[PDB]
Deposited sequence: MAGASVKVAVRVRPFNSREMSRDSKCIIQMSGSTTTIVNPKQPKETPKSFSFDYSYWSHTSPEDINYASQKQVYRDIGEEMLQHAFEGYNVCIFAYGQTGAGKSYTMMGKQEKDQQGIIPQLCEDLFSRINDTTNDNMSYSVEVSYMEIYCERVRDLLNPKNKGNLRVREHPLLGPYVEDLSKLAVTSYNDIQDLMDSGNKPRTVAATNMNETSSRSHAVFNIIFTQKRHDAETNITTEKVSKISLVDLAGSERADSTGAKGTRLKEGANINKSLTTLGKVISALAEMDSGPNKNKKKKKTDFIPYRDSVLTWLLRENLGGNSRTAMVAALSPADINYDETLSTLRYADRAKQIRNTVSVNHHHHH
């Protein structure tokens, strides 16, 4: 199962309009072409991707990609693998201010919800539409923050101590004492989501330097009538919103390493998964038993050409990543 990759271009931001920025990003079909505003006559660079989201204009535009449409595409696709029993992972990557959070979390207001809110709703909606009484479900959630290789339990602010990332001798990495709460309804998991988004530390001492990881352990129990054993079907849903690649540093280790892992996997001995908390935890999502997808946010502005071309190249490498996947039953 190769890593699926989507790119999404947002509208101009205040910094760009103030510089009379021109749009150097062009989308057609599954192709994305970027123009070099420095070398206009150089041949433009095109990239092929599984999903191309043109969100530079507005919803009044027939060719605009909305939150809903982005979700209903790669969002339902991954949620369905989850239902199939696969571990799943969707992570947003890109330049600081490119639109990673808008894509993953969006705005809790009218029409603006991102992939995480929409997936949670869909997940509960589907569970509640189950008509087979032999099927029962359990949804547990965890939300954390990674900043300077330090882990914070976003579902438990009261705790001011950063959690320890460990390696279970047989079950893989995991954050110690990370809250894992059970929720029986969309509203509950949404109130937990809002609570977590408020606890997040983006203060002002500027732009996001931390990564957020939203984990849902979705368990499907099937009851067999004749003998009383209950087969469990488990799938972990990891929704990641990283810090912008932006434009001794322990504030950026995870990001730099993430790029190395991505490239070394695309090249495929040995990978620095352990060089950073971010790559250590998501090890299995990167090169392991997981259905993984990347969503690459991109500025449409000429002033961000290097940053955006950089993104497109890492987005391109990810596509080359292949993971051995097996349903968990």
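Walk along the deposited sequence from position 1 and note every stretch that has no C-alpha coordinates.
Gaps in the modelled chain, taken against the deposited sequence, lie at 1-3, 209-212, 255-267, 289-301, 363-366.
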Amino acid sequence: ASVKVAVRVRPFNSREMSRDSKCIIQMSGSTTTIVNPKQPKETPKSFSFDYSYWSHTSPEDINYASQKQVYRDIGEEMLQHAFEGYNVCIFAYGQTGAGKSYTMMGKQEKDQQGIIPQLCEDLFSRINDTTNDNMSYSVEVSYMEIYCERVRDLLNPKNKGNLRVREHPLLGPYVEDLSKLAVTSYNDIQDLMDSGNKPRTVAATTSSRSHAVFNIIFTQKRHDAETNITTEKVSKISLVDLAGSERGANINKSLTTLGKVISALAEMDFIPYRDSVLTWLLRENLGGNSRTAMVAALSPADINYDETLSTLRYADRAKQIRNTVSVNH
From here on, numbers count along this sequence of modelled residues.
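The term rigid core refers to the most C-alpha atoms you can superpose between the two forms while keeping them within 1.5 Å.
Looking at C-alpha RMS in 5 other deposited structures of this protein with the core superposed, is it 34-42 or 54-62 that drifts more?
After the core superposition, the stretch with higher RMS deviation in 5 other deposited structures of this protein is 34-42.
Is the larger C-alpha RMS shift in 5 other deposited structures of this protein, relative to this form with the rigid core superposed, found in 254-262 or in 136-144?
Larger mean C-alpha displacement, comparing 254-262 and 136-144 in 5 other deposited structures of this protein, is found in 254-262.
Counting only other entries that model residues on either side of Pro157, is it left out in at least a third?
Modelled in all the others, so no.
Taking the other compared PDB entries with both flanking residues modelled, is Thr103 unmodelled in at least a third?
No, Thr103 is modelled in every one of the other compared entries that cover both of its flanks.
Mean Cα B factor from the PDB record: higher for 300-308, or higher for 28-36?
The stretch with the larger average C-alpha B-factor is 28-36.
Would 220-228 or 92-100 have the larger average of its C-alpha temperature factors, as given in the entry?
Result of the comparison: 220-228.
In this PDB entry, which of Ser210, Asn162, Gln190, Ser238 has the top CA B-factor?
Answer for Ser210, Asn162, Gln190, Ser238: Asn162, with the highest C-alpha B-factor.
Maximum C-alpha temperature factor per the entry, among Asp122, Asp129, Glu140, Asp133, belongs to which one?
Of the candidates given, the C-alpha B-factor peaks at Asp133.
Give the position of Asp275 by CA B-factor within its chain, expressed as the lowest, middle or highest third.
Its C-alpha B-factor, which the entry lists for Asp275, ranks in the middle third among residues of this chain.
Could you place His168 in the lowest, middle or highest third of its chain by Cα temperature factor, using the values in the record?
Middle third.
Of the three thirds of its chain by CA temperature factor, lowest, middle or highest, which one includes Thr57?
Ranked within chain, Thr57 CA B lands in the lowest tercile.
Going by the recorded CA B-factors, say which third of the chain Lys68 sits in, lowest, middle or highest.
Highest third, going by the recorded CA B-factors of the chain.
Ranking every modelled residue in this chain by its Cα temperature factor as given in the entry, which third contains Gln320?
Highest third of the chain for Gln320's C-alpha B-factor.
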